[PDB]
Amino acid sequence: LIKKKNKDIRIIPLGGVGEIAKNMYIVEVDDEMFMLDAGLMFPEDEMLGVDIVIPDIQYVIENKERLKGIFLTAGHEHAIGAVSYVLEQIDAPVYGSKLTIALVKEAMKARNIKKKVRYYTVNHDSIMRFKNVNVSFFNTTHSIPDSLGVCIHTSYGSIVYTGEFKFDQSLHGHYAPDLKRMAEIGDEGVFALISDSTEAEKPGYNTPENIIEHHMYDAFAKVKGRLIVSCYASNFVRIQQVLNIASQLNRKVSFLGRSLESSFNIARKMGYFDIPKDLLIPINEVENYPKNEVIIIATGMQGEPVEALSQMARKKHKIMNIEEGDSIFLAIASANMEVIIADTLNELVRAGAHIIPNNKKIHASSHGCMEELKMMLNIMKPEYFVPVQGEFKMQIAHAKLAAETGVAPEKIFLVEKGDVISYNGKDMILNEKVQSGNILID
């Protein structure tokens, strides 16, 4: 006669607000706690002797008996970079797409962590049933395939976390978004939407990837010597574009960086790339070709591309350095990174390299611009809105979009790390803080 109902909700960012990476959002529904993403951030300019930055999870450790799962939206560093460190401290099942799980398993192997982990590979048809709530998933579009949003069903309506996403009609297959499923979620009733603010300041739409690839062909066709493309190892779309263009221009492709080899190998075995025969060469073989017959994709050792480019520009790289007359395509900017980018570009000009200019007509990111964020807000029609994944100015820009779409302004929460947004069935409040912070890994 009595149906179980939910009473108290908590939403707590431990990473990803006040900054551009390191997503980690804790959602509690009564006595069940869920961790949404567990990303890393690369060290800020002002940091020395540091490899990566991860969230402080002391609040989760203090309450770990209630942690029911870790839910990972995609296989990029902003979503999974901290997972291995989390798993060394707490035990919970790990839920993610086929690709995301394979990349997490590789990361655990790479750090030689042998604890038993309960992985669950989910897809957009999966419904994971807990005591208090059910969790479902929906395909999103990103630069890595097999990305998923997370939908926590409550008796107040859904709590939806988008992860990182954009909308681009030129991406299909494992990049295609679940627009019909998202409309169903919005119609059934969304209590709170937690959405990516990274490009909320940028009007219009991201430039479609087909048009980006056309522009890359035109730029690459003009390069007279070697080309170095600097991008994230998780930018599979960009890697695929380079492979296609290299084939068209009779250039070979070689990977520089442990991050790329690893992620590419896994993704290739699983079928995620279209790779012509004889296109890929070992980095050791690059110097055996004419300069105009090679493209080097340079990701970082830990996945940070700019650090590797800086090493190459100063001729400090262990494996391969920049030479006069090389050309650079920089396919990666946050407040955290603006200084190293400026210094690296100066270093490259000093070394006699040629930076391929950005096209004014082109805006390339993995994150929705204003119209894409408004599309998500209009589909989901949330009662409350929590903009995340951004510096505070980005969160504010995203809050402005939500107000434009009709979210009540007093139901928009602009949060800092460690803030607790809480609901008791009557009022949504911001009246508590938990421990949070940046953990430095060396």
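Rules of the game
- Residues numbered from 1 in each chain as written, not as in the entry; some residues may be left out.
- Heavy atoms only, no water.
- Residues with missing side-chain atoms left out of burial classes, pairs and counts.
- Pairing = 2+ DSSP bridges.
- Helix = DSSP H or I, 4+ residues; strand = E, 2+ residues; numbered from the N terminus.
- Axes fitted to C-alpha atoms, helices over the stretch in contact; angles between N-to-C directions.
- Contact = heavy atoms within 4.5 Å.
- Disulfide = S-S within 2.5 Å.
- Buried < 20%, exposed > 50% of the residue type's maximum accessible area, 1.4 Å probe, protein only.
- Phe/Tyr/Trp six-rings, centres within 6.5 Å; stacked < 30°, edge-to-face > 60°.
- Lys NZ or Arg CZ within 6 Å of the ring centre and 35° of its normal.
- Core = buried A, V, L, I, M, F, W, Y, C linked by side-chain atoms within 4.5 Å.
- Domains from an automatic or database assignment.
- Salt bridge = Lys/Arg side-chain N within 4 Å of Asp/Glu carboxyl O.

### Focus: the sheet that holds strand β8 (residues 127–129)
The six strands lie next to each other as β8-β9-β10-β11-β12-β18, forming an open sheet whose pairing is mixed. For this open sheet the edge positions go to β8 and β18 (384–388), each flanked by a neighbour on one side alone. Neighbour-to-neighbour, the strand axes of this sheet turn through a mean angle of 20 degrees, independent of strand direction. Relative to the sheet, helix α11 (residues 370–380) contacts β9 (134–140), β11 (158–161), β12 (190–196) and β18, its axis offset from that of β12 by approximately 170 degrees.

### Let's talk about the state of the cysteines
Here the structure, examined in full by the defined rule, presents zero disulfides. Here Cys-369 is not disulfide-linked; the sulfur of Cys-231 is the nearest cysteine sulfur, at 19 Å. Take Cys-369: its relative accessible area is 1%, and that puts it in the buried class.

### Some thoughts on the sheet that holds strand β19 (residues 419–423)
On the basis of which strands lie adjacent, the open sheet formed by eight strands has the order β7-β6-β5-β3-β2-β1-β19-β20 and mixed pairing. The open sheet terminates on both sides in strands that have one partner only, identified here as β7 (119–121) and β20 (428–433). For this sheet, the mean angle separating the axes of adjacent strands, direction not counted, is 25 degrees. As paired elements, strand β1 (residues 9–15) and β19 share three bridges and run antiparallel to each other. Paired with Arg-10 across the bridge in β19 is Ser-422. Most of the contacts of helix α4 (residues 98–110) go to β7, to which it runs at about 155 degrees, and overall it touches β5 (67–72), β6 (94–96) and β7.

### A short note on the packing of aromatic side chains
Applying the stated rule across the entire model yields 20 aromatic pairs. Here the aromatic rings of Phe-236 and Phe-273 are separated by 4.9 Å at their centres, their planes lie at 45 degrees, and the arrangement is tilted. Of this pair, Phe-236 sits in helix α7 (residues 236–248) while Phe-273 is found in the loop between α8 (258–270) and β15 (294–298), placing the two residues 37 residues apart along the sequence. A single burial state applies to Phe-236 and to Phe-273, both of which are buried. Seen from their ring centres, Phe-264 and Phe-273 are 4.5 Å apart, and the 35 degrees between their planes marks the pair as tilted. When sorted by exposure, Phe-264 lands in the same class as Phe-273, which is buried. In textbook terms, an aromatic cluster arises when at least three aromatic residues are bridged by ring pairs, as seen for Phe-34, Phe-71, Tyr-95, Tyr-120, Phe-130 and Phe-137. Stacked on the ring of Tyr-85, the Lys or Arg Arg-111 has its end atom at 3.8 Å from the ring centre. Just above the ring of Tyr-384 sits the side chain of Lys-411; from NZ or CZ to the centre is 5.2 Å.

### Overview of the nonpolar core
The biggest cluster of nonpolar side chains holds 69 residues, and the ones touching the most others in it are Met-35, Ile-70 and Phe-220. Here this core takes seven residues from α7, the largest share from any one element. In terms of domain composition, this core takes at least three residues from each of domain 1 (9–204 + 365–441) and domain 2 (209–355). The next biggest cluster of nonpolar side chains, apart from the first, holds 33 residues, and it includes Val-133, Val-135, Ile-152 and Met-428.

### A few points about the pattern of salt bridges
Tallied over the full model, the rule gives 18 salt bridges. Across the pair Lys-109 and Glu-106 runs a salt bridge whose closest N-O atoms are separated by 3.2 Å. Of this pair, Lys-109 and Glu-106 both sit in helix α4, separated by three residues, roughly a single helical turn. The residue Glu-209 makes a salt bridge to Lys-166 at a minimum N-O spacing of 2.8 Å.

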